[PDB]
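A structural walkthrough
Below are the chains, spelled out letter by letter.
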Amino acid sequence: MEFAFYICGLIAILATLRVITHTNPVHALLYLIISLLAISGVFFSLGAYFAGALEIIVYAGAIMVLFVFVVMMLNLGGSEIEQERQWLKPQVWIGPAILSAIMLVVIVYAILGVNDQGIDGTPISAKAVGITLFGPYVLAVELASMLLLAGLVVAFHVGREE
Amino acid sequence: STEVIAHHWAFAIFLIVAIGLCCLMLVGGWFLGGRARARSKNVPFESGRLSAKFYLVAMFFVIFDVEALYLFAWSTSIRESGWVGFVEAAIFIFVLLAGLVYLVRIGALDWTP
Amino acid sequence: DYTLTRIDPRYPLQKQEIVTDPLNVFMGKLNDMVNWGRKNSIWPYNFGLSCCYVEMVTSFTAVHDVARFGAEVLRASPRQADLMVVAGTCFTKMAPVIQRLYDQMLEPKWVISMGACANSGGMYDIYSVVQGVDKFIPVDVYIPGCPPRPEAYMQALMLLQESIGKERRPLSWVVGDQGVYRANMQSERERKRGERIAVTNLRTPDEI
Amino acid sequence: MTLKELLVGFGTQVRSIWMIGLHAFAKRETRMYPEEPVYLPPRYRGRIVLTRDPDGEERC
Amino acid sequence: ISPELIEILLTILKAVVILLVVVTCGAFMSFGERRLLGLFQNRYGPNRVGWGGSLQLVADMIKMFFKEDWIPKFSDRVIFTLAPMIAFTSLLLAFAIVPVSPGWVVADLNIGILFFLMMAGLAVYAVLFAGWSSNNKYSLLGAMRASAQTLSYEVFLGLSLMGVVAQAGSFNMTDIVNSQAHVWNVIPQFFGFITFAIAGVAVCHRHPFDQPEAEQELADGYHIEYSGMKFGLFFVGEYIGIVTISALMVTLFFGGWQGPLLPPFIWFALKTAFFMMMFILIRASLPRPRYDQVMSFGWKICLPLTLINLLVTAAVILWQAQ
Amino acid sequence: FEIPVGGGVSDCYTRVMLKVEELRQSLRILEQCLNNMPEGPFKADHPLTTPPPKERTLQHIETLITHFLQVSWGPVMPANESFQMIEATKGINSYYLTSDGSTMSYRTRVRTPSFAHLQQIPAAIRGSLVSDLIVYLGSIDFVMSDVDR
Ligand SMILES: CCCCCCCCCCCCCCCCCC(=O)OC[C@H](COP(=O)(O)OCCN)OC(=O)CCCCCCCCCCCCCCCCC
Ligand SMILES: CCCCCCCCCCCCCCCCCCCC
Ligand code: SF4
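Residues numbered from 1 in each chain as written, not as in the entry; some residues may be left out. Chains lettered and ligands numbered in written order. Part of a larger assembly, values for the part shown. Heavy atoms only, no water. Residues with missing side-chain atoms left out of burial classes, pairs and counts.

Judging from the entry metadata, cryo-EM is the method by which this structure was determined, and 3.36 Å is the reported resolution.

Given below as structure tokens:
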């Protein structure tokens, strides 16, 4: 339980670090596929079976398939991306990096001063999530379907060839 | 228990042996066999911008697959949720089918010109 | 009775030299089993050119069943195919395309010329026809006929099969001699002349 | 398409599958070269030879 | 020496035996593809390499091992090497949750068929990566068409599964195969039967949905640049996927290993092999539809059919449970 | 025998059923030929019949001479022009032969219908997809040797 969680977290952080510091869109997309697999391994270590299963079903199975589809649309062969590599110049990235660094310091200082007795890792089955989803969270289900409908119709209206 | 950790180790053994078998077969394919050189060997097979309906189909799949995951969560607890959950899933299905009918009737799913 | 050929970029860019047979019994058994596996699964290239291709696909059907020799996969890409069958006429416009399709194939590759057109230009001694496919690519097995009958194409397939069964190729590209060895087999003419001469009578052409 | 065309299409696919199975329960049409020799007609145009006189001389 | 370690080693040995049997029957299903097409087309197929052609597959394995393995210089190396790996391992791991016999299962997961669904997602990743990595616009458009097809059928694959999920009441394979102890699931979930059959055929790159044989004349197949053992990896992955979808179908709709008289593994093998022969019949019989027709049948027909099937299944289940 | 006709639209299916009905009519013609088959000569009695019948070549002298000068130099067609078009398997195929009185054809013109069909191709396939193009190519009944020759 501990080994899988820590290994998946380590390769997760390494993977997303390789995503944000890469120039090839397909290579970064593959790296974040690996990262999402790692987040789902973290979820399975924590006992959230439905959450990690769903991360590989749609988060690592549907949305980024559309991402690769758009990369296939554009055929990004490195035009106006790698010819300057301006995001690797230290005068560009050092400032925002120290911004996110002091933000991370503040966030982990807030996290480290809270109670904790550990996570027992008892599995939460998909039937309990289904019971709660169509129990006290029914408005969330229907209005999230409405949200998906709104995203669908706007993406249709904008993404047209004509 | 002993049985669950035995099944977990069997699954891990399946994982690593399948990975090693596929990688070993590719390694054997790449290692063996002599190599050739030619001029048009490294040119591609051409025997000597495309439309965004692919994106529209994929994004349609994304949205309908998220609504499908909602149905996946519902399906494992149909009996325990009672008739009220069935009714709520019925407005869910009605909204989904109304959206699909809308997409059909506007040529969004109609690929042909 | 062997020939050593190596390629290194007038076509073709290779030279043949007469070399004796060098053929460790472990390496010999490995070469025999490699050649057996190569000859029992020959993957031809689906290349539709002319009449002889129509007779090739007449060999490819159920009434002849070339599939029994493991030669029925018929890949449409030159990369996936092992054997190139030039079943047609080498026109001047189609000669560079034929050359490119031969170039895109990978070792090991073999060449079967089908018909008098691919053999020597044949009956078309004309301005727009290249007199033979051996002018620019090497050829392993020649078939005469206009078109050769399908069973003759299987006969050439077996001919290529025992040609492969007695040739030496490198097992790996990192250890050993990389040159391709091909046996100089005794030709079918003087081999079959022992029984072709003794033919005395044939059925008269007035019957079925 | 309507529902009628859908049922008609399903029926035609099932019919095609059934006829392919019926041909699968038939006899093989393959002439097994080279184990079975090819029957060729007497006037089949094949290998050119030079024949002989009945007296034993060459006829050319 | 300890009985717990003995049980663990026996379970590991059972899993390894199952995996080796699956890959060997995938290669033997390549051989059975050739032989059964020969039988169905009034011929014999390969029958001269060994007795009855049984040693042909060894010859293809030897040839594709000792053929030159070549990665194009213009192609990206890592994605080119990676795509057949995914196309193999995704459907192999999709098999990995099938219960063959009581006491013979690799992983008795609480999810199962969900893990099959995410391996199908990995399969669409495999075809997308194989298409993009070749650096060829023909393979680019061909694999885009194939990937859109498999998306358009993977959208309702899970919803066709959901009827059997509703009848079983859980996600585990053992509960699914034990809910068919009285009546086989092919009878109530007949719409689930046809929709899952169509989705499994389309998602596994099989006729009449196989893109590289859909248009060979445009030379736009995404396998066109793949050769050597990568090509054999692609076909072994496809045939292993045929075996996987057949075993999934047997354990889902046909009662799995449950049988009246024969041992359960014999019944499982017979039902799987019957569905493999059904694959041969639909490959050799069914003509290939046009691409927009495939889009229309995937979206406007199959998905509402799965939704209505799930609604009717829920109504019947709650109505029967007083 | 009967000549089939379409409804007025030249779909691929219409051409396919037209060729199927043509196959049935060809079976009818073959049955009619098999049932009542005339008995007589298999070559003409004209002196320009090339070659003459083989047995008369083999045991008569002027027939041997006619054979000798018709297989070696060739027959001397008088200087004239001739034309003949027939219904081939793919349409109408025509031969136009002009002779200058020699043993060779001064001009040999071969008209083939696949030439016209291949030129017709862009006027009908415009505004379609590529699978319709493959179906149209497979449903024309052409060959490249017909077009190019
Ligand atoms: C382990 C699981 C799998 C086991 C193997 C057995 C199952 C195999 C399933 C194979 C699935 C193949 C699906 C093919 C769908 C094609 C749909 C399509 O696009 O059809 C187009 C066609 C014409 O469409 P239209 O718009 O009318 O065109 C007008 C233009 N002139 O429209 C039509 O032709 C209409 C009819 C479309 C198809 C109807 C449904 C057919 C289902 C497949 C056949 C099943 C037969 C039985 C199998 C064994 C059962 C035990
Ligand atoms: C296509 C089928 C693939 C099957 C893969 C797994 C094979 C497992 C074989 C197990 C054999 C023993 C099963 C338990 C005992 C019951 C049967 C006894 C007689 C064989
Ligand atoms: S050899 Fe004869 S049959 Fe073959 S392509 Fe040439 S003309 Fe046609």
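Turning our attention to the packing of aromatic side chains. All chains considered together, the criterion is met by 27 aromatic pairs over all chains. Note on B:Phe11 and E:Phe115: the rings are 5.7 Å apart at their centroids and 65 degrees apart in plane angle, and the pair reads as edge-to-face. Taken as a pair, B:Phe11 in helix α1 (residues 2-31) and E:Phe115 in helix α4 (residues 113-133) lie in two separate chains rather than in one. For E:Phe115, a relative accessible area of 12% translates into the label buried. Seen from the ring of A:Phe156, A:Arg160 lies directly overhead, with NZ or CZ sitting 5.7 Å from the centre. Just above the ring of C:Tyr102 sits the side chain of C:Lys109; from NZ or CZ to the centre is 4.0 Å. (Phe/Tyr/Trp six-rings, centres within 6.5 Å; stacked < 30°, edge-to-face > 60°. Helix = DSSP H or I, 4+ residues; strand = E, 2+ residues; numbered from the N terminus. Buried < 20%, exposed > 50% of the residue type's maximum accessible area, 1.4 Å probe, protein only. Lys NZ or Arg CZ within 6 Å of the ring centre and 35° of its normal.)

Quick look at the sheet that holds strand β3 (residues 83-87) of chain C now. All names here are of chain C. Reading across from one edge, β3-β4-β5 is the order of the 3 strands in this open sheet, with parallel pairing throughout. Both outer strands of the open sheet, β3 and β5 (141-143), are each paired with one neighbouring strand and no more. Strand-to-strand twist across the sheet, computed as the mean angle between neighbouring axes with direction ignored, equals 15 degrees. Across 5 bridges, the pairing between β3 and strand β4 (residues 110-114) is parallel. Within β4, the position partnered with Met84 by the bridge is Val111. The strands touched by helix α5 (residues 150-165) within the sheet are β3, β4 and β5, with β5 carrying the most contacts at an inclination of about 165 degrees. (Pairing = 2+ DSSP bridges. Axes fitted to C-alpha atoms, helices over the stretch in contact; angles between N-to-C directions. Contact = heavy atoms within 4.5 Å.)

Another aspect to go through is the arrangement of the chains. For the 8 pairs of chains in contact, the maximum contact count is reached by chains B and E. In this assembly chain A lies apart from chain D, the nearest approach of their C-alpha atoms being 24 Å. As for chain D relative to chain B, no contact occurs, and the smallest C-alpha gap between them is 12 Å.

Now for the interface of chain B and chain E. Counting from both sides, the interface comprises 61 residues of chain B and, opposite them, 75 residues of chain E. Here chain B and chain E share 1 salt bridge between them. In this structure, the salt-bridge partner of E:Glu68 is B:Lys41, at a minimum N-O distance of 2.8 Å. At the boundary of chain B and chain E, one finds 6 residue pairs in polar contact. Contributing elements (two or more residues each) for the side of chain B that touches chain E: α1, α2 (53-75) and α3 (82-105) of chain B. It is α1(B) that contributes the most residues to the side of chain B that touches chain E, 22 residues altogether. Of the residues that constitute the side of chain B that touches chain E, the class distribution is 43 nonpolar, 12 polar and 6 charged. (Salt bridge = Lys/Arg side-chain N within 4 Å of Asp/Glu carboxyl O. Polar contact = N/O pair within 3.5 Å; in protein donor to acceptor, adjacent residues only side chain to side chain. Nonpolar A, V, L, I, M, F, W, Y, C, P; charged D, E, K, R; others polar.)

The subject of this paragraph is the site of ligand 1. Residues in close proximity to ligand 1 total 20 residues, the closest being E:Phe193, E:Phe275, E:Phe279, E:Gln293 and E:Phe297. Residues lining ligand 1 come from chains D and E. For ligand 1, an oxygen atom lies 3.0 Å from a polar atom in the backbone of E:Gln293. Look at ligand 1: alone it shows 1,200 Å² of surface, and the protein chains cover 75% of it. Elements that contribute at least two residues to the shell around ligand 1 include exactly α1 (3-24) of chain D together with α7 (190-203), α9 (229-253), α10 (264-285) and α11 (291-320) of chain E. With 6 residues, α1(D) is the largest single contributor of residues to the shell around ligand 1. Tallied by class, residues from the shell around ligand 1 come to 17 nonpolar, 2 polar and 1 charged. (Near = heavy atom within 4 Å. Areas by Shrake-Rupley, 256 points an atom, 1.4 Å probe, with all protein chains shown as cover.)

Next up on the list: the packing of α9(E) against α10(E). How two helices sit against one another is set out by the angle between their axes and by the gap between those axes. All names here are of chain E. Where α9 meets α10, the axes come as close as 9 Å, and the angle between the chain directions of the two elements is 125 degrees. The orientation of α9 relative to α10 falls into the category oblique. Seen along the crossing, α9 lies across α10 with a hand that is right-handed. Residue-level inspection shows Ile242, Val243, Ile245, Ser246, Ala247, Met249, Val250 and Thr251 of α9 in contact with α10, the latter providing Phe268, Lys271, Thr272, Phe275, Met276 and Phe279. The residue makeup of the contact of α9 with α10, split by class, is 10 nonpolar, 3 polar and 1 charged. (Parallel < 35°, antiparallel > 145°, perpendicular 65-115°, else oblique. Left-handed = near helix turned anticlockwise from the far one by under 90°.)

Below, the discussion takes up empty space enclosed by the protein. By volume, the largest cavity amounts to about 150 Å³. Forming the walls of the largest cavity are 15 residues, and the residues nearest its centre are E:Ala87, E:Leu91, E:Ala123, E:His205 and E:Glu238. Elements represented by at least two residues in the lining of the largest cavity include exactly α3 (77-95), α4 and α9 of chain E. Here the element with the most residues in the lining of the largest cavity is α4(E); it accounts for 5 residues. The calculated volume of the second largest cavity comes to roughly 90 Å³. Considering the residues around the second largest cavity, the lining is formed by A:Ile57, A:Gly61, B:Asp65, B:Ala68, B:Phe72, E:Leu117, E:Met118, E:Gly121, E:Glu154, E:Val155 and E:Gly158. (1 Å grid on protein atoms, 1.4 Å probe; cavity = no way out; pocket = protein on both sides within 12 Å on 5 of 7 lines; lining within 4 Å. Points joined across faces, edges and corners; volume = space filled by probe spheres on them.)

All names here are of chain C. The immediate surroundings of ligand 3 are formed by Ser50, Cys51, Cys52, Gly88, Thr89, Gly115, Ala116, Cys117, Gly145, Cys146 and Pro147. Sorting the residues of the shell around ligand 3 by element identifies α2 (51-59) and α4 (115-120) as the ones contributing at least two each. Per element, the largest residue contribution to the shell around ligand 3 is 3 residues, and it comes from α4. In terms of residue class, the shell around ligand 3 is built from 6 nonpolar, 5 polar and no charged.

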